[PDB]
Q: 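Below you'll find the structure I mean.
All residue numbers in this chain count up from 1 along the given sequence. Below, each value reflects all heavy atoms present in this structure, side chains not excepted, and no hydrogens, waters or symmetry copies. Atoms within each ligand, like the ligands themselves, are counted from 1 in listed order.
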Amino acid sequence: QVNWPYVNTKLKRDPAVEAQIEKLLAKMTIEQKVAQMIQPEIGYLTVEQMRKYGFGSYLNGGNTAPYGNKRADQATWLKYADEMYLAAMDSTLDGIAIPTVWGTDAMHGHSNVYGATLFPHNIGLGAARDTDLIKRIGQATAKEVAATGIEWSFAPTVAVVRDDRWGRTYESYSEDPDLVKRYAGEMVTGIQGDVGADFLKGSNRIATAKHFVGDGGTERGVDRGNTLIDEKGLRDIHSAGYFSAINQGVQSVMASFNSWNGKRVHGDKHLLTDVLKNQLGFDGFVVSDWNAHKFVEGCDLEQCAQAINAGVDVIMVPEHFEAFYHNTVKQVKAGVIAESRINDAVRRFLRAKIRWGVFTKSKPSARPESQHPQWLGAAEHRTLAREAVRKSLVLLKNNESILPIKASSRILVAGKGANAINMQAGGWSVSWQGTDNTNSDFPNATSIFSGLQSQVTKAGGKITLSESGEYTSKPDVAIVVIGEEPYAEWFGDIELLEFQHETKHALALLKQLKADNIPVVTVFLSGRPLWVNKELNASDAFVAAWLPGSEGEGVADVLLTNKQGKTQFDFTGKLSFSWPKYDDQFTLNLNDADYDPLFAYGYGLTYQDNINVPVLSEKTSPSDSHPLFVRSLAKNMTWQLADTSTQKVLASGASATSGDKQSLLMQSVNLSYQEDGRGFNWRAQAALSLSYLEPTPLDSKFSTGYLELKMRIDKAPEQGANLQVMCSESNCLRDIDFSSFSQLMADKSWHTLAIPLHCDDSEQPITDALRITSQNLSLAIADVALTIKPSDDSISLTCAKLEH
Ligand SMILES: [Ca+2]
Ligand code: NA
């Protein structure tokens with residue numbers, strides 16, 4: 001029994017707020033309470049629906065601006081907010097006047113919004129090591145969010161990332177929990193105000209700290225993957241940001257997409273209630289992530305009692321909110337969700353809305369914090385962001401002290417990222433992936449080239465832009481801006497650490513310039529360290545710039561001298577992530593037993609250093625199968641879920657249950673890709689089968705072959721379990737007890753099993769290709785296929801072949 005510390009020691013309840021909550025609850029219907037718990041998204045919600053139901057909140061999802069615009073004036077935002085506000089205050093139809101609130105993700109500023117200041121993504125902020133800077137970024141963020149009429153912003157993100165292959169690595173301040181703990185509370189107080197007289201007042205927003213918990217610890221860094229760690233490790237590594245965020249009175253916590261030791265966090269009452277609420281003492285409300293409830297066992301897009309019962313208070317159900325609402329109401333009335341649970345949810349959420357002041361403030365457009373449209377993209381905020389850019393940069397290499405570069409020089413700027421704001425901003429920047437962004441999507445932003453050109457012009461130097469490294473007058477030095485393309489979430493999941501392993505385009509450019517005897521300073525844009533020994537060798541200087549955001553001139557500020565030729569700003573950033581020396585150092589973290597990084601956590605050169613980096617090793621580390629379930633069901637194949645009391649259920653989708661909706665539950669899990677696996681839970685006697693739709697004789701091609709599959713056993717079957725292979729109602733080719741290979745599976749992770757079909761004591765057409773039977777078991781299956789010979793990494797569940 002892991003002891004988690006009680007950290008809710010500063011924020012005290014407000015007796016008046018609690019009185020209002022209770023007076024409201026005593027009179028509310030089940031329908032109204034549930035209504036408080038449901039959150040639609042603006043791409044799917046109408047004003048009419050808000051009027052009818054009075055949802056407790058609604059989401060600015062980012063895919064569209066209000067009214068369908070890509071761009072909208074602040075006034076337009078405020079009109080939309082007013083419309084929803086008035087629809088919620090209308091007690092016609094729904095019978096009550098509880099003000100709704102608008103929520104939005106604030107990944108690096110109010111980053112869904114055209115024209116908003118874009119701060120550097122978290123990895124660079126972590127490199128900055130500046131808590132006051134973080135707090136100020138929070139205050140600026142609060143103002144820019146308020147300027148669009150939004151009361152509730154999701155920040156900070158407190159993931160602690162342990163495997164850089166994750167596509168969300170840049171959203172984390174550090175691989176190390178300590179930095180995240182220092183930062184989280186600063187961001188929270190920056191947004192919400194300090195605990196005390198100004199708590200949640202004025203321009204301060206309601207904040208949500210994301211995500212609880214362990215999403216930066218999934219196996220191989222697979223997005224929404226499986227976090228395999230004991231509870232003490234979850235506490236000591238992945239939860240540090242929540243200690244300070246909860247301590248500072250964060251009003252909301254968002255649950256995480258990943259699973260913990262095979263079980264989805266969104267359905268885990270131990271984590272979301274006992275740990276988060278009871279032990280840590282969190283007094284605010286839990287919001288789910290985007291349709292996360294659909295991944296919970298027994299749940300789907302339109303229903304999820306388990307998540308609610310586990311401790312989720314507000315359900316982010318952007319599209320299917322209406323059906324979800326009615327189902328949840330029927331579930332509360334049926335007793336499968338106790339009213340005390342919805343009461344508690346409503347208390348926790350109303351505690352936030354009421355203390356923020358939804359009853360005391362006017363409609364959005366008339367509020368004091370709504371009278372400053374200039375807050376959105378404010379010059380002052382861009383100055384702050386520029387400071388953040390300067391402090392985020394980490395100087396990895398500076399041979400013969402080539403940096404800083406004389407501003408009066410003739411400089412060539414090259415590389416695909418030289419004048420591409422979309423690359424410097426990364427994902428979650430106006431659009432989701434950022435791929436389709438061009439410079440015109442970032443008004444008032446400054447590309448890196450533009451900043452350099454501005455300062456070089458002021459200093460009387462010469463500058464040329466050519467992505468491909470073309471020049472007329474041979475330059476004194478070339479600044480080459482290269483890096484990853486923008487990405488978000490699983491789109492950014494990678495398997496290889498080597499930069500551009502498929503093309504090595506940037507390397508070619510660098511070597512070309514080096515071959516012309518031109519000194520090379522590389523500005524590297526990325527959401528994470530990557531293996532770049534080759535590019536490092538082709539560079540005289542090399543700067544990790546991360547994803548700096550809108551203020552690209554922050555780069556010039558550090559790389560160039562002023563007009564007089566003197567240093568204007570030195571490097572200050574230090575690695576918050578370890579930099580890999582080899583292309584397979586996937587889990588390189590400070591305090592690791594074997595810690596052999598190229599550049600350690602905390603490394604960063606300055607102009608005061610006279611260090612050369614030597615040439616580094618550029619050496620890298622080193623058929624006819626018939627698919628049944630590889631990534632998806634093959635033709636003529638279906639799942640079957642059979643319990644004791646009802647007809648067998650044929651399922652072909654991402655999830656399902658047996659007839660009794662309780663005994664056997666199927667969900668989707670993530671081995672490598674999204675939803676390439678299926679997880680299963682036996683709570684009572686039941687049989688799962690991977691079955692042919694029409695009984696099919698075994699293909700002679702595989703008569704002396706193998707059924708091969710990948711299996712993870714989260715919890716070993718207490719009452720035993722049975723694995724049958726190639727069955728025909730009358731009998732099966734193989735019948736294997738789980739107890740007989742349990743020691744292979746005791747790491748609770750995936751294994752590739754090969755199961756020979758031709759054994760001693762070996763007819764009929766096959767109806768169940770695979771069949772698993774148990775009263776109590778938890779596992780996941782993936783990549784089920786017929787093979788002629790066992791794959792290399794496979795383990796054989798063998799048999800006597802004496803007869804052959
Ligand atoms: Ca690391
Ligand atoms: Na209402």
Q: What protein N/O/S atoms are found closer than 3.0 Å to the Ca ion (ligand 1)?
A: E175 OE1, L588 O, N589 OD1

Q: For residues 27-61, which residue pairs qualify under ring pair (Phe, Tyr, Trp, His ring centres under 6.0 Å), counting only residues two or more places apart or in two chains?
A: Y53-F55, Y53-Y325, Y53-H326, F55-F321, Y58-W102

Q: Strictly below 4.0 Å, N to O, side chains only: are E18 and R347 in salt-bridge contact?
A: no

Q: Applying side chain to side chain contact (heavy atoms under 4.5 Å, CB included) between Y183 and each of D178, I134, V158, report the one that passes.
A: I134

Q: Salt bridge between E151 and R367, side-chain N to carboxylate O under 4.0 Å?
A: yes

Q: For this output row, return yes or no: ring centroids of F577 and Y601 closer than 6.0 angstrom.
A: no

Q: Using 4.0 Å as the upper bound for N to carboxylate O, is an ion pair formed by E48 and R51?
A: no

Q: Check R165 with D163, please: is the shortest side-chain N to carboxylate O separation under 4.0 Å?
A: yes

Q: Keeping to distances under 3.0 Å, can you name the protein N/O/S atoms close to the Na ion (ligand 2)?
A: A88 O, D94 OD1, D94 OD2, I96 O

Q: Are the charged groups of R528 and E175 less than 4.0 angstrom apart, N to O?
A: no

Q: Could you go through residues 614-621 and list every donor-acceptor pair under 3.5 Å that involves a side-chain atom there, pairing it with any protein atom two or more places apart or in another chain?
A:
unit_1: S617; atom_1: OG; unit_2: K619; atom_2: N; d: 3.2
unit_1: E618; atom_1: OE2; unit_2: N537; atom_2: ND2; d: 3.1
unit_1: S621; atom_1: OG; unit_2: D583; atom_2: OD1; d: 2.6

